[PDB]
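> Chains as they are written, first to last, in the authors' numbering: chain C, 2 to 5; chain F, 2 to 5; chain A, 36 to 178, 190 to 284; chain B, 37 to 177, 189 to 282.
Every residue gets a Cβ at the ideal spot worked out from N, C-alpha and C, and that includes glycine.
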Amino acid sequence: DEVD
Amino acid sequence: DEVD
Amino acid sequence: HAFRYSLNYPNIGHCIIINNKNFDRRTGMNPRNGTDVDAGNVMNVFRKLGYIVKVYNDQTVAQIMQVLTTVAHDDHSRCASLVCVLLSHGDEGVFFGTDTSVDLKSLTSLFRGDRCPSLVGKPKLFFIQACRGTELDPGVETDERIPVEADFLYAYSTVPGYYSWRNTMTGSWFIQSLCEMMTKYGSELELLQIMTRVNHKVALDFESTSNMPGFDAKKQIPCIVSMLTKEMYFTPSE
Amino acid sequence: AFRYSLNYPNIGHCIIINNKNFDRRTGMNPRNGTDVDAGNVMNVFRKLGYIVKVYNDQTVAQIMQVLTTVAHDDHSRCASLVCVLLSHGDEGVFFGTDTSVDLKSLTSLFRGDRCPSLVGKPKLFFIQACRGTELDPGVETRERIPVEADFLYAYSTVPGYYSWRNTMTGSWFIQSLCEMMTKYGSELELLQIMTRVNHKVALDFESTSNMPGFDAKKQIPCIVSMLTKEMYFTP
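Okay, structure coming up:
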């Protein structure tokens with residue numbers, strides 16, 4: 002999971 | 002007619 | 036999962052109306068004549084659906100904060116939903132008490148899931164009649191855990207950045223269209239279907255008349271913001 | 037007329053802007069998994085009959101160029117327009133590979149008075165991008192019309208909030224949008240489809256990260272409708  |  | 040919000044509760048819920056007409060002289064803002072026609076229509080429409088309706092007139096920012104904070108800390112275990120109608124002046128992102136402005140975010144976040152446990156999973160429906168800036172639309176001729195921000199609807203009267211229009215005799219364009227479409231479809235369609243028909247009615251049937259320079263022949267479209275996770279119906283059967 | 041007309045030779049065009057790699061002097065990390073997103077969306081809308089064009093790694097000026105020419109094209113024979121935007125973002129703002137630009141100046145290219153051959157037709161924008169830096173911790177249980196009319200802005204997340212992406216399956220929002228379009232695109236109305244997307248994102252995803260403060264977070268998309276009719280994809 003990563004923030005975009 | 003009037004704006005708010 | 037469950038395609039529609041449950042109405043299996045003693046009360047469909049509470050409807051809070053903040054109805055601001057007359058403003059502190061020092062703000063330079065004009066009275067909102069015709070807003071009593073709006074609030075009365077809204078009251079009868081949501082009373083017919085079974086909501087417990089309470090109208091608060093000419094409220095300051097701190098009076099609004101108080102009223103809404105009390106509703107959020109109340110117990111809604113027996114309520115299916117919450118409805119809040121906001122009638123005032125505004126600007127981009129802000130709502131006017133009789134005395135000055137306040138961030139809309141500050142009003143609505145009082146009902147976030149982590150600050151209002153008895154409404155978690157229930158629709159919190161806000162209808163906002165207020166300007167969102169000062170632009171005019173000239174028109175164009177044609178031919190389990192859940193997020194705390196979930197289960198909100200923000201039905202705005204106008205697009206961000208734009209003025210919102212009101213008639214002194216018949217009330218605001220958006221609210222009289224909402225009342226007419228609620229009355230006609232409130233027991234047959236779900237809310238976003240109802241709001242799409244509000245959009246159509248405001249878009250097509252209203253155009254400003256004014257001798258004030260720059261203000262003549264303008265249009266309006268509402269802006270319906272949905273974080274709803276289920277269909278919202280107002281009766282158990284269609 | 038309660039429903040947007042599909043009596044047109046083409047349902048319309050679908051423009052995808054897919055930004056993966058960013059200017060080093062901007063300090064923004066690669067958006068790994070966005071090719072899965074774009075391939076997913078491309079197939080979904082192609083099967084609905086859209087003519088799909090993908091533009092990868094576009095700057096702001098390149099984006100403006102592509103959309104200005106699209107807006108100036110003739111869409112007489114088209115029922116609608118779909119635009120999918122995948123990139124980094126911040127509040128009110130969208131990132132080309134080089135810098136940011138206000139989302140309003142992209143979408144207002146298609147305003148009624150600026151794009152006459154799309155008047156009355158649905159202009160459907162899907163926007164995967166951050167909208168700020170907040171994190172959601174969740175909680176346990189002949190006729191004139193407005194120039195702003197007939198737009199749909201389906202944002203991946205709430206104003207102010209981050210938007211989450213998985214490197215293998217893609218962005219939470221686009222993943223779920225593609226699942227729901229596939230399963231329901233031929234029976235349900237678009238706003239009803241998007242409510243199911245909201246529910247899937249809200250219920251089926253939760254973040255896992257080693258970075259402090261980023262673990263166990265939630266997301267709900269933000270569906271902004273100026274549509275004046277129901278939108279179906281099949282007659």
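#1: Helix, strand or coil: how does DSSP classify residue 232/A here?
#2: Residues of chain C with CB under 7 Å from residue 124/B, in chain order?
#3: In terms of alpha-carbon separation, which member of 173/A, 90/A, 207/A lies closest to residue 75/A?
#4: Going by DSSP, what residues sit across from residue 125/A in a beta bridge?
#5: Have a look at 135/A, 155/A, 271/A, 203/A and flag the residue whose alpha-carbon is nearest the alpha-carbon of residue 113/A.
#6: For the putative contact between residue 100/B and residue 198/B, defined by C-beta atoms under 8 Å, what is the C-beta separation to the nearest angstrom?
#7: Looking at C-alpha atoms only, which residue of 238/A, 38/A, 93/A is the closest neighbour of residue 57/A?
#8: If we count the other Cβ atoms within 10 Å of its Cβ and call it buried at 16 or more, is residue 183/B buried or exposed?
#9: Determine, using beta carbons only, whether residue 62/B comes closer than 8 Å to chain C.
#10: In whole angstroms, what separates the C-alpha of residue 161/B from that of residue 49/B?
#11: Could you please give the first and the last residue of the uninterrupted alpha helix (DSSP H) stretch that includes residue 98/A?
#12: Here's a check: name, in chain order, each residue in its chain whose Cβ is nearer than 6 Å to the Cβ of residue 226/B, leaving out the five neighbours to either side.
#13: By the three-class DSSP mapping on this structure, what secondary structure does residue 266/A have?
#14: Quick check on DSSP: helix, strand or coil for residue 223/B?
#15: Is the stretch 218-237 of chain B close to the stretch 253-263 of chain A, with three or more CB pairs under 8 Å?
#16: With respect to the beta strand (DSSP E) encompassing residue 49/B, which residues constitute its N-terminal and C-terminal limits?
#17: Quick check on residue 58/A: does DSSP put it in helix, strand or coil?
#18: Report the residue from 251/B, 280/B, 206/B whose alpha carbon sits nearest the alpha carbon of residue 237/B.
#19: Anything in the stretch 153-165 of chain B with a Cβ closer than 9 Å to a Cβ of chain C? List those residues in chain order, please.
#20: Could you check where the beta strand (DSSP E) with residue 90/B kicks off and where it finishes?
#21: Can you look up residue 281/B in the DSSP assignment and give me helix, strand or coil?
#22: Would you mind telling me which residues of chain F sit closer than 8 Å to residue 216/A, beta carbon to beta carbon, in chain order?
#23: On the DSSP letters alone, give me the boundaries of the beta strand (DSSP E) that residue 198/A sits inside.
#24: Measuring only the C-alpha atoms, how far is residue 4/C from residue 61/B?
#25: For a test of the three-state rule: what should DSSP assign to residue 161/B, helix, strand or coil?
#26: On a CA-only basis, which of 214/A, 234/A, 195/A, 268/A is nearest residue 264/B? Give me that one, please.
#27: Starting from the C-beta of residue 170/A, find all residues in its chain whose C-beta is less than 6 Å away, skip the five residues before and the five after it, and write them out in chain order.
#28: Could you confirm whether any beta carbon from chain C is found closer than 8 Å to the beta carbon of residue 209/B?
#29: For the stretch 252-266 of chain A, which residues have a CB atom closer than 8 Å to at least one CB atom of chain F, in sequence order?
#30: With distances taken from CA atoms, which of 127/A, 47/A, 142/A, 219/A is nearest residue 82/A?
#31: With residue 143/A as the anchor, note down where its beta strand (DSSP E) starts and where it stops.
#32: What is the DSSP secondary structure of residue 150/B, reduced to helix, strand or coil?
#33: Residue 85/A to residue 234/A, Cα distance in whole Å?
#34: With H, G and I counted as helix, E and B as strand and the rest as coil, what does DSSP make of residue 249/B?
#35: Any idea if residue 245/B is buried or exposed, counting beta-carbon neighbours within 10 angstroms, 16 or more meaning buried?
Working from what's here:
#1: Position 186 of the third sequence, counted from the start, is the residue given in the question as residue 232/A. Of the three classes helix, strand and coil, the one that applies to residue 232/A here is coil, per DSSP.
#2: Counting from one through the fourth sequence, the residue named residue 124/B turns up at place 88. Those within 7 Å of residue 124/B in chain C are 5.
#3: To locate residue 75/A, count along the third sequence from 1; it is residue 40. It is 90/A whose Cα lies nearest to the Cα of residue 75/A.
#4: As a position in the third sequence, residue 125/A is number 90, starting the count at 1. Its beta-bridge partners are 130/A.
#5: Sequence index remark: in the third sequence, residue 113/A carries index 78 (1-based). Selected option, being the one with the closest Cα: 155/A.
#6: By one-based count along the fourth sequence, residue 100/B stands at place 64. By one-based count along the fourth sequence, residue 198/B stands at place 151. Not a contact, Cβ separation roughly 18 Å.
#7: If you number the third sequence from 1, residue 57/A lands on position 22. The option with the nearest alpha carbon to residue 57/A is 93/A.
#8: Since the numbering of chain B jumps from 177 to 189, residue 183/B cannot be located in this structure.
#9: Translated into positions along the fourth sequence, residue 62/B becomes position 26. No, no contact with chain C.
#10: Along the fourth sequence, one-based indexing puts residue 161/B at 125. Along the fourth sequence, one-based indexing puts residue 49/B at 13. When rounded, the distance between both Cα atoms is 12 Å.
#11: The sequence position of residue 98/A within the third sequence is 63, counting from 1. Looking at the DSSP string, the run of the alpha helix (DSSP H) that includes residue 98/A is 96-108.
#12: Taking the fourth sequence and counting its residues from 1, the one referred to as residue 226/B is at position 179. The answer is none, since no qualifying residue turns up.
#13: Here residue 266/A refers to the residue found at position 220 of the third sequence. Reduced to three states, the DSSP call for residue 266/A is coil.
#14: For this step, residue 223/B is matched to residue 176 along the fourth sequence. Of the three classes helix, strand and coil, the one that applies to residue 223/B here is helix, per DSSP.
#15: no
#16: For the purposes of this step, residue 49/B is taken as residue 13 along the fourth sequence, with counting starting at 1. Its beta strand (DSSP E) spans residues 46-54.
#17: Your numbering for residue 58/A matches position 23 in the third sequence. Reduced to three states, the DSSP call for residue 58/A is coil.
#18: On the fourth sequence, position 190 is the one that residue 237/B refers to. Of 251/B, 280/B, 206/B, the residue nearest in Cα terms is 280/B.
#19: 164, 165
#20: In the fourth sequence, the residue the question calls residue 90/B occupies position 54. Segment 87-92, the beta strand (DSSP E) holding residue 90/B.
#21: Translated into positions along the fourth sequence, residue 281/B becomes position 234. Per DSSP, reduced to three states, the secondary structure at residue 281/B is coil, with no helix or strand assignment.
#22: Against the third sequence, residue 216/A aligns to sequence position 170. Those do not exist, as residue 216/A stays about 10 Å from chain F at its closest Cβ, beyond 8 Å.
#23: Residue numbering aside, residue 198/A sits at position 152 when the third sequence is read from its first letter. 198-202 is the span of the beta strand (DSSP E), which, as asked, contains residue 198/A.
#24: The residue given as residue 4/C occupies position 3 in the first sequence. The residue given as residue 61/B occupies position 25 in the fourth sequence. Roughly 19 Å between the two C-alpha positions.
#25: The residue you call residue 161/B lines up with position 125 of the fourth sequence. Residue 161/B sits in a strand when the DSSP states are folded into three classes.
#26: Counted from its first residue, the fourth sequence places residue 264/B at position 217. For the options 214/A, 234/A, 195/A, 268/A, the alpha carbon positioned closest to that of residue 264/B is the one of 195/A.
#27: Translated into the one-based positions of the third sequence, residue 170/A becomes position 135. Only 207, 208 meet the Cβ criterion.
#28: One-based indexing of the fourth sequence puts residue 209/B at position 162. Judged by the 8 Å Cβ criterion, residue 209/B is in contact with chain C.
#29: 254, 255, 256, 261
#30: Along the third sequence, read from residue 1 onward, the residue named residue 82/A stands at position 47. That would be 47/A, whose Cα lies nearest to the Cα of residue 82/A.
#31: By 1-based counting over the third sequence, the position of residue 143/A is 108. First-last for residue 143/A: 139-143, but that is the alpha helix (DSSP H), not the beta strand (DSSP E).
#32: Residue 150/B sits at position 114 when you count from the first residue of the fourth sequence. The answer is coil: DSSP assigns residue 150/B none of H, G, I, E or B.
#33: Indexing the third sequence from 1 puts residue 85/A at position 50. Indexing the third sequence from 1 puts residue 234/A at position 188. If I take the Cα positions, the gap works out to 16 Å.
#34: Residue 249/B sits at position 202 when you count from the first residue of the fourth sequence. Helix.
#35: Here residue 245/B is taken as the residue at index 198 of the fourth sequence, counted from 1. Buried.
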